[PDB]
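Take a look at the structure below.
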């Protein structure tokens, strides 16, 4: 429906975004399995919008990320990066 | 500088780098890279 | 240390880190990037 | 070696390099790249 042309829909895809992530010296970056014991449902639901205009078929289009509670910080997304 | 056009609010926009003396080489910027 | 009270492993394995180990990254949700398109990418996203 | 006469350190520390060490990189000032925009990036650059 976003691709149909209803420009006022924020898709909430559940449990994408983590916060609490180990950044080890090894080549992976592991989200903390202790701070997130539900390893598929402690991730955050992500609110996703488009952004369309006129010439200033389709147009100049964009995308938006918010979370389910982006109210104080609507645009800023916090990270908690546990670097060794 | 910028670089604007029509459709061929805003439009298709760009940017320009020159130096204060880009007269012989207006677009080329020289580097002197001391590689070990 | 206050938000992770009811887990003991949370308290231990956060207390393993120094006062410099843990860094934020305030990610802007407003991209300034035109999502690139093509009528194959347009139509086949619509078809999928 | 002619443009850096009035500094002795310039002459010494350029003469440290071989006839292959020092390479140019002729950077074009005319980008072929559309500067990507968004009305948040548009307006907030104007606001800043």
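Neighbour counts run over all protein chains shown; Cβ positions are idealised from the backbone, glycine included. FYI, it's all coordinate maths here, none of it is from the lab.
The table that follows gives values for the structure above.
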{"read-out": "Stokes-Einstein D for segment A:1-57, Kirkwood Rh over Cα pairs, 10 °C, 1.306 mPa s (µm²/s)", "value": "113 µm²/s"}
{"read-out": "Kirkwood Rh in Å, taken over chain D so that all alpha-carbon pairs contribute", "value": "15.5 Å"}
{"read-out": "Label-to-label distance, nm, for residues given as residue D:35 and residue B:6 (7 Å Cα→Cβ offset)", "value": "2.3 nm"}
{"read-out": "Separation of alpha-carbon centers, segment B:1-20 and segment A:8-39, rounded to whole Å", "value": "40 Å"}
{"read-out": "Separation of the residue C:25 and residue B:27 label points, Cα + 7 Å toward Cβ, nm", "value": "3.6 nm"}
{"read-out": "Global geometry of the protein assembly as shown, whether rounded, prolate or oblate, following the gyration tensor of its Cα atoms and the 1.5 cut on a/c", "value": "oblate"}
{"read-out": "Neighbouring partner chain Cβ atoms per residue of C:35-42, average, 10 Å criterion", "value": "2"}
{"read-out": "Counting DSSP beta bridges with both ends in segment A:16-84, the antiparallel % (nearest 5)", "value": "65 percent"}
